[PDB]
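Each remark here refers to the structure printed beneath this line.
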Amino acid sequence: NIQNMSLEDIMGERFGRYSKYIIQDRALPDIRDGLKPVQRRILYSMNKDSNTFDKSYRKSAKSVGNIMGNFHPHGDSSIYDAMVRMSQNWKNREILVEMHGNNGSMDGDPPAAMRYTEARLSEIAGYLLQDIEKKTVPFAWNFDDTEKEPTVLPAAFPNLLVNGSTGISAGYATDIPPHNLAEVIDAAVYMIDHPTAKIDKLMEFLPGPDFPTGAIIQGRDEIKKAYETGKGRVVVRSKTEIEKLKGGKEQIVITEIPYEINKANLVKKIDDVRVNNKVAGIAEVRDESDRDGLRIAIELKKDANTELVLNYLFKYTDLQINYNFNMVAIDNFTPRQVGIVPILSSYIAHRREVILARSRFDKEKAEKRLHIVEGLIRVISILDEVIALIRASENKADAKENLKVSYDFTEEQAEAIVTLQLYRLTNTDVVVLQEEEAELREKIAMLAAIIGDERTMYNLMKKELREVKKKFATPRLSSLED
Amino acid sequence: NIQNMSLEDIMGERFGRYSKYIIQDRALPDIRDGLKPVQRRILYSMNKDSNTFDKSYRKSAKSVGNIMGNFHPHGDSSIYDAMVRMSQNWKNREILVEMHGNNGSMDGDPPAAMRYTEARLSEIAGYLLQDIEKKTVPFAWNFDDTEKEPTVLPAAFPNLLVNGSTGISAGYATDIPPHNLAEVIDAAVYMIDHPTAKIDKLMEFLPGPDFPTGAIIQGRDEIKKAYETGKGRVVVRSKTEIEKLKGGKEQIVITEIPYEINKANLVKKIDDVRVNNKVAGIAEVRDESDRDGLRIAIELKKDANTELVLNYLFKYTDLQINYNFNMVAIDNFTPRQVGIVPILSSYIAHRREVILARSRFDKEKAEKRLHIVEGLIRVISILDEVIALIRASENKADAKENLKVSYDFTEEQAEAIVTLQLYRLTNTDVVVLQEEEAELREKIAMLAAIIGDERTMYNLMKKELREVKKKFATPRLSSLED
Amino acid sequence: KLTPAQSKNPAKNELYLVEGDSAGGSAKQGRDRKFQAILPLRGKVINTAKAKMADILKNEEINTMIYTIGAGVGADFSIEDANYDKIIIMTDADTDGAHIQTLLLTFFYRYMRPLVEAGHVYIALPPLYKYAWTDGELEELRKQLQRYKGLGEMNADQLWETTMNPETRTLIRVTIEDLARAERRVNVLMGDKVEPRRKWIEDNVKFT
Amino acid sequence: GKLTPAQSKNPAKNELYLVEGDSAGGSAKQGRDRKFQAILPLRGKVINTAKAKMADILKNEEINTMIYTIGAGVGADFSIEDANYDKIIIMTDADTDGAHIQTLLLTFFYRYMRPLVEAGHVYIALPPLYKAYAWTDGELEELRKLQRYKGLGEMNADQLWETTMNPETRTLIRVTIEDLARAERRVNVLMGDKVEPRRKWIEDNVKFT
DNA sequence: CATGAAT
DNA sequence: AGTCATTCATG
DNA sequence: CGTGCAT
DNA sequence: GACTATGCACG
Ligand SMILES: N[C@@H]1CCN(c2c(F)cc3c(=O)c(C(=O)O)cn(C4CC4)c3c2Cl)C1
Ligand SMILES: N[C@@H]1CCN(c2c(F)cc3c(=O)c(C(=O)O)cn(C4CC4)c3c2Cl)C1
Ligand SMILES: [Mg+2]
Ligand SMILES: [Mg+2]
Ligand SMILES: [Mg+2]
Ligand SMILES: [Mg+2]
Ligand SMILES: [Mg+2]
Ligand SMILES: [Mg+2]
């Protein structure tokens with residue numbers, strides 16, 4: 001039967017239960033790889049299934065369900081809506097997912113349902129997962145205890161700043177705008193050398209956000225404020241152009257609008273000005289966006305103050321908005337308001353961790369084989385008595401043992417020797433084996449170096465960051481203005 | 001530029017396509033496995049995934065997506081709906097899918113969305129799929145051209161009659177009622193011995209339908225008409241009973257009801273008869289069915305004539321209804337009105353192709369193997385020599401030619417020998433190999449018999465049809481009245 | 001429901017009758033909004049031949065069609081008051097797409113004969129493979145693959161170039177070239193009566 | 001009617017079940033004792049009564065059909081005796097979100113129905129975590145002498161009964177407002193308009209590691 | 001008024 | 001295959 | 001009508 | 001996560 005609890009208690013082991021999970025495991029990105037768990041699971045899964053940029057598209061639903069039975073015990077709607085986002089290029093600066101089909105528009109009409117679309121990781125998402133198979137990142141059990149999943153991706157490029165994040169849990173929210181890839185790399189490259197770098201200097205490399213929708217970002221001092229405390233308010237304003245039409249009438253042509261802003265609503269609200277005559281002079285409001293460009297025409301009446309109209313729209317619509325930084329992320333299992341420094345440093349800390357692990361890993365492998373090759377090179381000198389011995393052996397188990405005790409071989413080697421196919425006995429060419437013993441010695445040095453020279457480690461990390469840059473770098477879309 | 005089709009001809013081509021497809025590939029079952037293509041796909045996919053009766057459950061959506069991406073290019077809601085049905089023990093006589101959670105009820109309320117449910121094949125569904133790896137059924141390419149699909153399953157029991165179908169194509173439609181597994185088998189066994197059996201002898205083993213809902217079936221004459229032409233109209237009446245009460249107040253208690261009837265509507269529709277007072281003196285209808293029993297109690301009035309109430313309920317509700325046979329299925333690629341005989345025959349016909357295919361497969365397997373074993377028994381007597389000779393060989397290919405030329409081993413034996421791992425040279429006991437040589441000839445023999453002698457094949461068909469019966473047999477639920 | 005063309009002009013404008021919102025959405029993105037409207041049809045369309053002209057005027061799909069085609073239906077049908085110059089039917093390459101084409105044509109044949117006998121009713125021909133339409137046009141492209149399971153698995157700019165672009169698209173035009181052999185064709189296949197049809201199927205459909 | 005009613009109208013043993021989702025909603029209809037147990041599926045996340053306008057709160061279907069199904073009316077217009085159920089039980093997934101829901105509901109059964117809560121009438125069901133069922137990771141080690149329930153929805157209508165709905169085999173947490181004051185502060189801060197007190201509360205009370 | 005993972 | 005509503009923190 | 005695969 | 005409407009053959 002019953003057991004009583006206080007209203008002051010049952011609201012305690014509940015809301016505190018919710019809070020923690022929603023914060024650690026839901027709405028906030030991990031500062032190192034810039035991913036909320038749903039997204040990281042999406043990417044890990046699609047990758048686990050060879051569903052990548054170089055292979056054919058796979059039906060979205062096949063993917064979605066696999067995620068839901070393997071890692072993300074939640075809505076399939078939630079999972080798909082997330083997968084869809086990672087694939088839309090007016091929300092992501094560097095899209096992680098490629099989706100054949102109707103995945104939406106800037107007019108924000110619904111993406112086709114998951115039964116119609118197919119999808120795969122983008123090439124650059126490969127880079128987020130680069131070297132996962134090498135024990136670089138920490139894993140944990142799935143909700144189900146059937147499979148381990150990574151807690152954070154290797155992140156070969158600094159995603160959390162490049163793509164952005166957003167952003168609503170309990171007790172905290174987050175908004176981090178996207179940034180140009182080349183620039184964020186320059187930044188991190190610099191700071192790899194100068195750990196103790198000033199925001200002012202970093203900002204020579206990272207001048208401010210670069211939304212995928214471009215436009216104009218106004219507010220130098222306010223960017224600094226944000227890059228420094230993580231909170232800041234900047235202005236985002238549309239790219240505008242004016243066209244003198246025949247009749248003395250002018251026309252305002254919009255060609256880029258503010259991040260996160262609905263082109264369809266924006267046109268509506270603008271025309272709703274025209275129809276209420278709040279400011280005077282607007283004649284026709286006409287969207288001319290085709291499949292290969294943004295173009296809104298605002299045809300003003302003859303003789304009408306085009307500055308008064310344009311400014312009216314900036315203040316009273318989303319033709320111009322305020323974008324608020326509120327950069328929060330999960331450093332060390334917990335939510336942290338952070339600016340450009342903790343971010344880049346945390347990323348750098350991570351790459352380091354990663355590159356070390358990665359290197360311990362290949363070196364392990366390279367060791368284990370070098371050890372066997374050493375074994376094999378030796379057997380050749382004593383092939384006859386070894387076949388002889390394996391002959392007089394009772395069984396596999398006794399042959400390894402015998403091999404050891406008779407000739408100093410080790411388990412690892414005894415095994416390799418005792419599982420060679422009879423036809424290996426044809427070969428007697430130590431010279432090919434010796435070329436390999438050499439190659440492996442060299443490989444091991446290079447790695448070992450990396451592991452034990454802090455500096456060596458970083459130039460590698462830089463070498464790699466630059467390659468990422470060279471391959472994926474693209475031009476700014478959003479202009480900056482003091 | 002535009003081409004001109006005739007309305008007469010465009011309509012011809014288009015309806016023809018739909019017609020044909022929707023007939024052979026949607027609404028009608030294959031006469032041998034009694035499965036519509038989606039049903040078949042579900043089962044096959046689940047099986048390929050090891051999502052079987054013996055292994056864990058599995059989020060439904062995982063399965064559904066896998067099905068929709070490898071085999072069935074249609075809505076995820078169709079797939080799940082069908083997957084759900086196969087798992088509801090009040091629609092299927094012998095459920096093909098087991099599902100944890102909310103699959104619905106006889107009350108007709110909806111199942112849990114596929115995000116909530118998990119599922120796996122039933123033990124017996126296993127049997128529909130038995131021997132499918134063994135190249136026993138014609139495969140075609142999937143819509144993708146990426147993977148092969150079965151076109152019919154092996155069917156270790158005669159699903160078409162046992163679980164029934166239904167059934168709405170174009171030009172044709174189908175309705176086949178469930179049947180008691182044990183009896184359908186008895187029927188097929190007889191017809192295996194007496195090919196020419198006629199309906200009357202047949203009905204001594206297969207008296208008629210056996211709805212999982214149970215109840216009472218009146219109409220022995222129309223059952224034959226059905227088993228004979230394929231159409232026919234039997235009668236299905238609720239299992240009733242009478243309890244007595246205080247004040248001399250009799251009660252009607254219903255415990256079984258007509259296949260395909262919605263318990264809820266049946267209850268309301270009855271209770272409506274009370275409200276409207278369409279027949280004299282009902283007290284109160286009440287569904288008292290709980291998780292382990294069906295119970296609609298119909299309480300009557302103090303001076304209430306129970307035998308008129310009951311008879312009105314039978315005539316003017318679904319408390320008793322007409323089940324119409326309309327046994328259509330797809331024999332040799334086209335729709336066929338078929339009776340108890342064409343059905344039971346095609347099943348034997350099929351089981352035959354299946355047992356032959358399976359037997360050839362296993363036979364070739366044992367043969368290729370016997371061959372290798374013959375090889376190894378020879379080696380052992382010349383082990384030193386063969387080792388010696390390999391050692392003197394140059395690469396692997398040279399070893400094999402040397403083996404051939406010098407000891408008359410065969411390509412396949414040379415390969416086998418030459419690719420044995422060293423430790424094999426320890427367990428060098430021939431008496432054990434000789435045992436396997438024999439076990440294998442015996443096996444090859446028993447199988448060659450089957451292939452060369454129709455009677456020995458049918459004798460298996462029977463042995464096997466009984467095991468299935470012993471293993472899954474159950475009592476009737478529906479009782480018969482002429 | 002409908003997406004208009006940015007400019008009324010009953011002589012140049014095209015009305016795209018699309019199969020389901022998802023395809024109807026790829027279309028809303030590929031169109032030349034200046035002269036191409038998009039009306040998406042949600043699910044299998046009502047058989048105007050089997051059902052009662054009563055329940056027929058109660059089907060939202062049909063009402064939102066008689067009203068946007070802007071000429072009423074039946075005998076009260078003002079051919080001249082038409083809204084669009086070309087009415088185009090865009091369905092998946094699949095069978096159910098084929099089925100719909102049927103259901104629609106029967107409507108346009110039965111409750112708007114004038115727009116059909118006027119050669120105003122067209123049928124888009126999406127591509128099967130990827131750019132080749134017929135199985136033969138495929139074998140050719142292998143000399144000098146992605147198969148399409150419906151208009152919905154195609155991307156917006158791909159859609160335009162291949163089916164919606166006037167300069168680059170191939171269209172069929174339903175011409176009633178015999179009011180007798182094109183009536184006995186609709187009533188057999190879409191008629192209330194099932195036997196005739198069961199026969200027609202049995203006579204013309206080769207099941208191999 | 002969104003609600004599924006009890007067979008016989010006895011507000012003396014009649015229990016009202018507030019279930020999270022139609023998934024478990026139905027799995028709850030099926031598994032119940034229909035003579036005295038009603039089911040009300042809560043479709044969505046129950047509105048925050050402490051955050052929103054008493055205007056908007058009333059125009060919320062999920063709350064209405066509770067004001068109607070409870071049969072007492074909210075506010076001070078609350079007649080704790082003209083109710084319709086002895087015990088009102090909140091049945092949710094044994095998950096994070098289920099917890100969140102247990103919350104939002106409570107705040108409503110306190111903000112706008114204090115009596116029902118003070119009368120020890122509101123409860124909270126206790127579905128199982130493992131399967132031979134257990135409730136805590138410690139009670140599993142004792143059965144080791146192995147299914148894992150991801151919530152009420154992946155549970156079978158017969159199983160949910162023997163385990164959490166049967167008035168004999170079940171265990172119900174019984175909500176009591178022990179100290180009307182130290183309680184008002186907790187509901188007021190967690191579920192309140194003010195963000196900064198919540199933040200601090202999480203920081204001082206939630207252990208991140 | 002939105003936002004985006006969640007019910 | 002869209003439509004409806006709620007959380008949570010922010011300007 | 002209500003069925004069950006399909007839109 | 002429920003609701004909403006169609007086609008098809010059949011009593
Ligand atoms: N008037 C009703 C109240 C509830 N409701 C909605 C709604 F509008 C949308 C969704 C929805 O998108 C969704 C999903 O899986 O993405 C899941 N659910 C259910 C899990 C709760 C929704 C619900 Cl209940 C509207
Ligand atoms: N305009 C009408 C109103 C009702 N309607 C319906 C409807 F009632 C139910 C379903 C439905 O179950 C379903 C599914 O995948 O199982 C898919 N569809 C869509 C593919 C067509 C449905 C639609 Cl459109 C659309
Ligand atoms: Mg949703
Ligand atoms: Mg503004
Ligand atoms: Mg449906
Ligand atoms: Mg009757
Ligand atoms: Mg299709
Ligand atoms: Mg849950």
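Labeling convention for the structure tokens: chains A, B, ... as they appear, residues from 1 per chain, ligands from 1 in order of appearance.
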
Practice task
Return as a PyMOL selection string every polymer residue, whether protein, DNA or RNA, with at least one atom no more than 10 Å from an atom of ligand 7; count only C-alpha atoms (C1' of nucleotides) and all ligand atoms.
Solution key: (chain A and resi 115-116) or (chain B and resi 73-75) or (chain C and resi 19-20+23+91-98+148-153) or (chain G and resi 6-7)

Problem - At most 10 Å from ligand 4 (only C-alpha atoms (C1' of nucleotides) and all ligand atoms): residue list as a PyMOL selection string - result: chain A and resi 235-237+258+311-322

Could you dump the residues just selected with C-alpha atoms as a PDB file, in the first residue's frame?
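To be explicit, this is the file written out as selection24.pdb:
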ATOM      1  CA  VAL A 235      22.401  44.376 -34.872  1.00  0.00           C
ATOM      2  CA  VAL A 236      21.678  42.306 -37.970  1.00  0.00           C
ATOM      3  CA  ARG A 237      20.419  44.215 -41.003  1.00  0.00           C
ATOM      4  CA  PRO A 258      18.744  38.335 -41.094  1.00  0.00           C
ATOM      5  CA  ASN A 311      14.113  53.123 -41.892  1.00  0.00           C
ATOM      6  CA  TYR A 312      10.517  52.594 -40.849  1.00  0.00           C
ATOM      7  CA  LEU A 313      10.775  48.990 -41.999  1.00  0.00           C
ATOM      8  CA  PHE A 314      14.094  48.501 -40.233  1.00  0.00           C
ATOM      9  CA  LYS A 315      12.624  49.537 -36.895  1.00  0.00           C
ATOM     10  CA  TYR A 316       9.155  48.029 -37.208  1.00  0.00           C
ATOM     11  CA  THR A 317       9.906  44.763 -38.995  1.00  0.00           C
ATOM     12  CA  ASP A 318      12.507  42.024 -39.143  1.00  0.00           C
ATOM     13  CA  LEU A 319      14.038  43.611 -42.179  1.00  0.00           C
ATOM     14  CA  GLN A 320      16.391  44.477 -39.284  1.00  0.00           C
ATOM     15  CA  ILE A 321      16.745  42.719 -35.921  1.00  0.00           C
ATOM     16  CA  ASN A 322      18.831  42.570 -32.783  1.00  0.00           C
TER      17      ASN A 322
END

Exercise for the section: Please identify every polymer residue within 12 Å of ligand 8, using only C-alpha atoms (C1' of nucleotides) and all ligand atoms, and present the set as an NGL selection string. Expected result: (:A and (72-75)) or (:B and (115-116)) or (:D and (19-24 or 44-45 or 92-101 or 149-154)) or (:E and (6-7))

File dump, residues just selected, N, CA, C and O atoms (P, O5', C5', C4', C3', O3' and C1' of nucleotides), as a compact mmCIF listing (two decimals), in the first residue's frame:
# COMPACT_ATOMS: atom_id res chain seq x y z
N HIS A 72 18.92 7.02 -29.33
CA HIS A 72 18.04 8.08 -28.87
C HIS A 72 16.64 7.58 -28.61
O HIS A 72 15.80 7.62 -29.51
N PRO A 73 16.36 7.16 -27.38
CA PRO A 73 15.03 6.67 -26.99
C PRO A 73 13.99 7.80 -26.89
O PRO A 73 13.58 8.14 -25.78
N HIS A 74 13.56 8.35 -28.03
CA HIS A 74 12.65 9.48 -28.04
C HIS A 74 11.75 9.56 -29.27
O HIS A 74 11.58 8.59 -30.00
N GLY A 75 11.17 10.74 -29.49
CA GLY A 75 10.31 10.94 -30.64
C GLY A 75 11.04 10.68 -31.93
O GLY A 75 12.22 10.98 -32.05
N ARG B 115 6.68 4.53 -32.19
CA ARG B 115 7.74 5.00 -31.28
C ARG B 115 7.70 4.25 -29.94
O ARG B 115 8.75 3.95 -29.36
N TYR B 116 6.50 3.91 -29.48
CA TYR B 116 6.28 3.23 -28.20
C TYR B 116 6.45 1.70 -28.20
O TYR B 116 6.93 1.14 -27.21
N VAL D 19 -2.84 10.07 -16.80
CA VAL D 19 -1.78 9.34 -17.47
C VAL D 19 -1.11 10.18 -18.55
O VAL D 19 -1.76 10.91 -19.29
N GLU D 20 0.21 10.07 -18.62
CA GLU D 20 0.99 10.79 -19.61
C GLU D 20 0.90 10.10 -20.97
O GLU D 20 1.45 9.01 -21.16
N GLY D 21 0.19 10.73 -21.90
CA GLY D 21 0.14 10.24 -23.27
C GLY D 21 -0.97 9.25 -23.59
O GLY D 21 -1.45 8.53 -22.72
N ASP D 22 -1.40 9.22 -24.85
CA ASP D 22 -2.41 8.26 -25.27
C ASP D 22 -1.81 6.88 -25.41
O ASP D 22 -2.51 5.89 -25.26
N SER D 23 -0.51 6.82 -25.71
CA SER D 23 0.19 5.54 -25.70
C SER D 23 -0.16 4.81 -24.41
O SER D 23 -0.99 3.91 -24.41
N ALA D 24 0.47 5.21 -23.31
CA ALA D 24 0.11 4.67 -22.00
C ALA D 24 -1.35 4.93 -21.66
O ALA D 24 -1.96 4.15 -20.92
N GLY D 44 0.16 15.82 -24.14
CA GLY D 44 1.10 16.94 -24.22
C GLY D 44 1.90 17.15 -22.96
O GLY D 44 2.11 16.22 -22.19
N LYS D 45 2.36 18.38 -22.74
CA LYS D 45 2.98 18.73 -21.46
C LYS D 45 1.99 19.65 -20.75
O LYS D 45 1.63 20.70 -21.27
N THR D 92 2.73 8.43 -14.69
CA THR D 92 3.66 8.90 -15.71
C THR D 92 4.82 7.93 -15.92
O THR D 92 5.14 7.11 -15.05
N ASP D 93 5.44 8.03 -17.10
CA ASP D 93 6.66 7.31 -17.41
C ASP D 93 7.61 7.48 -16.25
O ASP D 93 7.63 8.53 -15.60
N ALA D 94 8.39 6.45 -15.96
CA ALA D 94 9.44 6.58 -14.97
C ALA D 94 10.62 7.25 -15.65
O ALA D 94 11.75 6.79 -15.54
N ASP D 95 10.35 8.32 -16.40
CA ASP D 95 11.43 9.08 -17.03
C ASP D 95 11.52 10.55 -16.59
O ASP D 95 10.73 11.02 -15.75
N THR D 96 12.52 11.23 -17.13
CA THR D 96 12.79 12.62 -16.84
C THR D 96 11.56 13.45 -17.09
O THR D 96 11.07 14.13 -16.19
N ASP D 97 11.06 13.38 -18.31
CA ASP D 97 9.88 14.13 -18.71
C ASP D 97 8.64 13.78 -17.89
O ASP D 97 7.78 14.63 -17.64
N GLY D 98 8.53 12.51 -17.50
CA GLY D 98 7.42 12.08 -16.68
C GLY D 98 7.48 12.83 -15.37
O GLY D 98 6.47 13.27 -14.82
N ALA D 99 8.71 12.98 -14.89
CA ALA D 99 8.99 13.75 -13.70
C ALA D 99 8.53 15.20 -13.90
O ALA D 99 7.81 15.75 -13.07
N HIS D 100 8.94 15.80 -15.02
CA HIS D 100 8.57 17.17 -15.33
C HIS D 100 7.06 17.30 -15.22
O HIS D 100 6.56 18.25 -14.63
N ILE D 101 6.36 16.33 -15.79
CA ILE D 101 4.90 16.34 -15.75
C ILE D 101 4.39 16.21 -14.32
O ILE D 101 3.56 17.00 -13.90
N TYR D 149 12.40 -1.33 -18.55
CA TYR D 149 11.25 -0.52 -18.98
C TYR D 149 11.64 0.93 -19.29
O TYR D 149 12.05 1.67 -18.40
N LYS D 150 11.50 1.31 -20.56
CA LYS D 150 11.77 2.69 -20.98
C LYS D 150 10.53 3.55 -20.81
O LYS D 150 10.43 4.62 -21.41
N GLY D 151 9.57 3.10 -20.01
CA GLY D 151 8.37 3.87 -19.76
C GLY D 151 7.10 3.05 -19.80
O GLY D 151 7.13 1.87 -20.14
N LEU D 152 5.97 3.68 -19.48
CA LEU D 152 4.69 2.98 -19.37
C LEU D 152 4.22 2.40 -20.72
O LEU D 152 3.57 1.35 -20.76
N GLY D 153 4.57 3.09 -21.81
CA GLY D 153 4.11 2.74 -23.14
C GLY D 153 4.59 1.40 -23.68
O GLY D 153 3.87 0.73 -24.43
N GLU D 154 5.80 1.02 -23.31
CA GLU D 154 6.37 -0.25 -23.73
C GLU D 154 6.03 -1.35 -22.72
O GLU D 154 6.73 -2.36 -22.60
P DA E 6 15.87 15.49 -27.97
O5' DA E 6 14.51 15.87 -27.24
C5' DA E 6 13.52 14.91 -26.88
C4' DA E 6 12.47 15.55 -25.98
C3' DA E 6 11.07 14.99 -26.10
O3' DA E 6 11.01 13.69 -25.52
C1' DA E 6 10.97 17.30 -25.85
P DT E 7 9.84 12.67 -25.92
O5' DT E 7 8.54 13.31 -25.23
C5' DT E 7 8.36 13.20 -23.80
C4' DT E 7 7.25 14.08 -23.24
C3' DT E 7 5.85 13.47 -23.23
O3' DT E 7 5.14 13.92 -22.08
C1' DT E 7 5.82 15.43 -24.54

Exercise for the section: Please identify the residues whose atoms come within 8 Å of ligand 2, using only C-alpha atoms (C1' of nucleotides) and all ligand atoms, and report them as a list in words. Expected result: residues 75, 76, 77 and 78 of chain B; 20, 41, 42, 43, 44, 60 and 61 of chain C; 1 and 2 of chain F; 7 of chain G; 3, 4, 5 and 6 of chain H

Exercise for the section: Using only C-alpha atoms, find which residues of chain A lie within 8 Å of chain B and jot them down as a PyMOL selection string. Expected result: chain A and resi 58-59+61-69+74-76+115+387+390-396+399+417-427

Got time to write the residues from that selection, C-alpha atoms, as a PDB file, in the first residue's frame?
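The resulting file, part22.pdb, is reproduced below:
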ATOM      1  CA  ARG A  58      19.525   6.195 -47.664  1.00  0.00           C
ATOM      2  CA  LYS A  59      15.791   6.578 -46.866  1.00  0.00           C
ATOM      3  CA  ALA A  61      13.159   6.692 -42.067  1.00  0.00           C
ATOM      4  CA  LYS A  62      15.649   3.831 -42.188  1.00  0.00           C
ATOM      5  CA  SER A  63      18.179   6.096 -40.537  1.00  0.00           C
ATOM      6  CA  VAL A  64      15.777   7.672 -38.038  1.00  0.00           C
ATOM      7  CA  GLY A  65      14.530   4.368 -36.667  1.00  0.00           C
ATOM      8  CA  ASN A  66      18.051   3.003 -36.366  1.00  0.00           C
ATOM      9  CA  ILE A  67      18.931   5.978 -34.182  1.00  0.00           C
ATOM     10  CA  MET A  68      15.782   5.462 -32.113  1.00  0.00           C
ATOM     11  CA  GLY A  69      16.441   1.759 -31.437  1.00  0.00           C
ATOM     12  CA  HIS A  74      12.647   9.483 -28.042  1.00  0.00           C
ATOM     13  CA  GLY A  75      10.306  10.937 -30.636  1.00  0.00           C
ATOM     14  CA  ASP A  76      11.024  10.037 -34.226  1.00  0.00           C
ATOM     15  CA  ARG A 115       8.925   8.645 -45.671  1.00  0.00           C
ATOM     16  CA  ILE A 387      57.261 -27.303 -37.819  1.00  0.00           C
ATOM     17  CA  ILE A 390      54.322 -28.028 -33.709  1.00  0.00           C
ATOM     18  CA  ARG A 391      54.276 -31.537 -35.070  1.00  0.00           C
ATOM     19  CA  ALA A 392      55.146 -33.203 -31.752  1.00  0.00           C
ATOM     20  CA  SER A 393      52.699 -30.875 -30.014  1.00  0.00           C
ATOM     21  CA  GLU A 394      49.405 -32.256 -28.649  1.00  0.00           C
ATOM     22  CA  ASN A 395      47.149 -29.379 -29.732  1.00  0.00           C
ATOM     23  CA  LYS A 396      47.092 -25.672 -30.524  1.00  0.00           C
ATOM     24  CA  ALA A 399      52.008 -25.741 -29.389  1.00  0.00           C
ATOM     25  CA  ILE A 417      53.116 -18.617 -35.663  1.00  0.00           C
ATOM     26  CA  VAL A 418      50.735 -21.398 -34.819  1.00  0.00           C
ATOM     27  CA  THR A 419      47.912 -19.960 -36.992  1.00  0.00           C
ATOM     28  CA  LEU A 420      49.872 -19.493 -40.229  1.00  0.00           C
ATOM     29  CA  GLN A 421      48.535 -21.365 -43.231  1.00  0.00           C
ATOM     30  CA  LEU A 422      50.661 -24.277 -44.449  1.00  0.00           C
ATOM     31  CA  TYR A 423      51.502 -22.421 -47.613  1.00  0.00           C
ATOM     32  CA  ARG A 424      53.325 -19.706 -45.684  1.00  0.00           C
ATOM     33  CA  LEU A 425      56.021 -22.369 -45.379  1.00  0.00           C
ATOM     34  CA  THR A 426      56.920 -21.633 -49.024  1.00  0.00           C
ATOM     35  CA  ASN A 427      58.317 -18.182 -48.267  1.00  0.00           C
TER      36      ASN A 427
END

Problem - Atomic separation - CA of residue 102 in chain B relative to CA of residue 144 in chain A, Å - result: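 Interatomic distance here is 20.5 Å.
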
Exercise for the section: For residue 106 in chain A, please output as a VMD selection string all residues within 6 Å (counting only C-alpha atoms (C1' of nucleotides); exclusion window: fewer than 2 positions along the same chain). Expected result: chain A and resid 108 262 to 263

What does the file look like for those residues with C-alpha atoms, as a PDB file, in the first residue's frame?
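Wrote it out as part_26.pdb, contents follow:
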ATOM      1  CA  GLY A 108       9.803  27.879 -43.726  1.00  0.00           C
ATOM      2  CA  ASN A 262      11.198  33.772 -42.071  1.00  0.00           C
ATOM      3  CA  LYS A 263      11.165  35.194 -45.646  1.00  0.00           C
TER       4      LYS A 263
END

Practice task
Output the contact residues of chain F with respect to chain A at a cut-off of 8 Å, based on only C-alpha atoms (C1' of nucleotides), as a ChimeraX atom specification.
Solution key: /F:1,8-11

Problem - Point-to-point distance from CA of residue 61 in chain D to CA of residue 122 in chain D, Å rounded to tenths - result: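 It comes out at 21.0 Å.
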
Counting only C-alpha atoms, give me one row per residue of chain B with an atom at most 9 Å from an atom of chain C, showing the shortest contact pair and its distance in Å to one decimal, sorted by chain then residue number, as a tab-separated table.
residue	atom	partner	partner_atom	distance
B:1	CA	C:170	CA	5.8
B:2	CA	C:171	CA	4.6
B:3	CA	C:172	CA	4.9
B:4	CA	C:173	CA	4.9
B:5	CA	C:174	CA	5.6
B:6	CA	C:175	CA	5.1
B:7	CA	C:174	CA	5.1
B:8	CA	C:182	CA	4.5
B:9	CA	C:182	CA	8.3
B:10	CA	C:174	CA	7.3
B:11	CA	C:102	CA	5.9
B:12	CA	C:185	CA	7.4
B:13	CA	C:98	CA	8.7
B:14	CA	C:98	CA	5.1
B:15	CA	C:99	CA	6.1
B:16	CA	C:205	CA	6.3
B:17	CA	C:95	CA	6.3
B:18	CA	C:95	CA	5.1
B:19	CA	C:201	CA	7.3
B:20	CA	C:205	CA	6.6
B:21	CA	C:95	CA	7.3
B:22	CA	C:95	CA	8.3
B:24	CA	C:207	CA	8.5
B:73	CA	C:149	CA	7.7
B:143	CA	C:149	CA	8.7
B:144	CA	C:147	CA	7.8
B:170	CA	C:198	CA	7.9
B:171	CA	C:198	CA	4.3
B:172	CA	C:198	CA	7.0
B:332	CA	C:207	CA	8.9
B:333	CA	C:207	CA	6.3
B:334	CA	C:207	CA	6.0
